[PDB]
2 protein chains.
Amino acid sequence: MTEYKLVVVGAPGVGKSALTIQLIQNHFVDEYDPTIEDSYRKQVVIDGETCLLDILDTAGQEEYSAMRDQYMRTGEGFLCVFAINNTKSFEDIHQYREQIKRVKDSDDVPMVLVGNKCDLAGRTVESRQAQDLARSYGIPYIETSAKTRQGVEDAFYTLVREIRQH
Amino acid sequence: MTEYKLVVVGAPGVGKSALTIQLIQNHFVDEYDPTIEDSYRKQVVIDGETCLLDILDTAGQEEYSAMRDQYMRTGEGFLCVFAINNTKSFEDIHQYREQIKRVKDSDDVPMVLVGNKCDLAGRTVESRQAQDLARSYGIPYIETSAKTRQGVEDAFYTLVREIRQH
Ligand SMILES: Nc1nc2c(ncn2[C@@H]2O[C@H](COP(=O)(O)OP(=O)(O)CP(=O)(O)O)[C@@H](O)[C@H]2O)c(=O)[nH]1
Ligand SMILES: Nc1nc2c(ncn2[C@@H]2O[C@H](COP(=O)(O)OP(=O)(O)CP(=O)(O)O)[C@@H](O)[C@H]2O)c(=O)[nH]1
Ligand SMILES: [Mg+2]
Ligand SMILES: [Mg+2]
């Protein structure tokens, strides 16, 4: 069956893992539990197609840089996550996007911009400025909460459909 | 606030109304109740943006043709619906798409291809052939059930995001 190699990237603490586990395990993780590298494989049906989601959950620290080019070159689509309560994480997105273009040799790689933690009241990144960013990248923007499970499947399925039209 | 003029089109009986009412009224209509013209307006928040969905639910009969160019020229985005248990409705999609391109003077209008009734076991249209169609149109394909509410918000929100990147 069709397999789709999705990679979840973003600054430390933005909720990369919480999003992935919500999707795979249908629960929200509230623990402090830094990722080195985690892999998830799940048979799903998306718009009638039976496919396997092969998801690589990454670290965002500078440690993981070398290890980073390796997984970026094999990923077919990337979830670029920031936290809406964290302006530095929003600004970091540009760093991840430009590394992915570098290793993929491509101005256009299947990508979704994900503003996570949208359940939180103390937002410091406006949805309008994340939406102008995404438009300038020519990619979709989707706001998610791993807590309420708002937007989680939307963010992942949208990325799969971007890979499909590539 | 931003308003988005969405138009729902497709052959008679495909579930145009059932999709719209699921979204607006959160119930599934099982009655035989042909549409002439229905309008729905709903304030929603999609990816953090406060916007008004202004939805025009249409008829698919040849009656409604003249009335059709009128609403197609004011629509910003179109849901093109067929039924997965109805091969003639799938084949009709080409007729609706080409009328919309005609009136919009455009090879690319924001559009989503929606295969409805995906809860039904007796499918006559494979998801693979609807997906090749959609790719040849350069638009997303999304399978929905107005009955189970599978894919309903996905189909509408995806169309809004297509309008946003246009
Ligand atoms: N309220 C709220 N908190 C969230 C959300 N998603 C993640 N969190 C919280 O933020 C913290 C970090 O989540 P985690 O999933 O571990 O993030 P990470 O980006 O994967 C961290 P690392 O880069 O080290 O791998 C956790 O306490 C988690 O519960 C969300 O949508 N809402
Ligand atoms: N099981 C199933 N039946 C559905 C679904 N959506 C619509 N139907 C059924 O199909 C019939 C037609 O639905 P309706 O929403 O009226 O379709 P329409 O395309 O709007 C009809 P008209 O073109 O005349 O306006 C109804 O009996 C409705 O309950 C669906 O996802 N699943
Ligand atoms: Mg993590
Ligand atoms: Mg109707």
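The header says X-ray crystallography, 1.8 Å.
Note that Cβ sites are derived from N, Cα and C of the backbone, with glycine treated the same way.
According to Swiss-Prot, the protein carries these features:
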- A:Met1: N-acetylmethionine (MOD_RES)
- A:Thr2: N-acetylthreonine (MOD_RES)
- A:13-18, A:29-35, A:59-60, A:116-119, A:145-147: GTP binding site (BINDING)
- A:32-40: motif 'Effector region' (MOTIF)
- A:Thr35: (Microbial infection) O-linked (Glc) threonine (CARBOHYD)
- A:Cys118: S-nitrosocysteine (MOD_RES)
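Sequence features annotated in Swiss-Prot and their locations in the structure.
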{"residue": "A:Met1", "record": "N-acetylmethionine", "CB count, 10 Å": "7"}
{"residue": "A:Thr2", "record": "N-acetylthreonine", "CB count, 10 Å": "11"}
{"residue": "A:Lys16", "record": "GTP binding site", "CB count, 10 Å": "25"}
{"residue": "A:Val29", "record": "GTP binding site", "CB count, 10 Å": "16"}
{"residue": "A:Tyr32", "record": "GTP binding site", "CB count, 10 Å": "6"}
{"residue": "A:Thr35", "record": "GTP binding site", "CB count, 10 Å": "16"}
{"residue": "A:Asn116", "record": "GTP binding site", "CB count, 10 Å": "29"}
{"residue": "A:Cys118", "record": "S-nitrosocysteine", "CB count, 10 Å": "23"}
{"residue": "A:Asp119", "record": "GTP binding site", "CB count, 10 Å": "14"}
{"residue": "A:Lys147", "record": "GTP binding site", "CB count, 10 Å": "17"}
With an 8 Å cut-off on Cβ-Cβ distance and a minimum sequence separation of at least 6, pull the same-chain contacts of A:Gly13 (GTP binding site), or say none.
A:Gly60, A:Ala83, A:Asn86, A:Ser89
Taking the Cα atoms as reference points, how far is A:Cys118 (S-nitrosocysteine) from A:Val29 (GTP binding site) in Å?
16
So which binding-site residues are near the residue listed as 'N-acetylmethionine', with CA atoms within 10 Å, out of A:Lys16, A:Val29, A:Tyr32, A:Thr35, A:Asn116, A:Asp119?
none
Using a Cβ cut-off of under 8 Å to chain B, which of the recorded positions A:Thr2, A:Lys16, A:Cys118 qualify?
A:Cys118
For ligand 1, pick out the recorded positions A:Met1, A:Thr2, A:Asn116, A:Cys118, A:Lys147 that have a CB under 6 angstroms away from one of its atoms.
A:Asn116, A:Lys147
Cβ under 6 Å from ligand 3: which of the recorded positions A:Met1, A:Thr2, A:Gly13, A:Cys118, A:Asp119 qualify?
none
Between the Cα atoms of A:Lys16 (GTP binding site) and A:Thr2 (N-acetylthreonine), find the distance and write it as a whole number of Å.
24
Translate the DSSP assignment of A:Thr2 (N-acetylthreonine) into the three-state scheme.
strand
Looking only at C-alpha atoms, tell me how far A:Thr35 (GTP binding site) is from the residue listed as 'N-acetylthreonine', rounded to the nearest Å.
27
Looking only at the motif 'Effector region' (A:32-40), how are its residues distributed among DSSP helix, strand and coil?
0 helix, 4 strand, 5 coil
Integer Å distance between the CA atoms belonging to the residue listed as 'N-acetylthreonine' and A:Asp119 (GTP binding site):
34
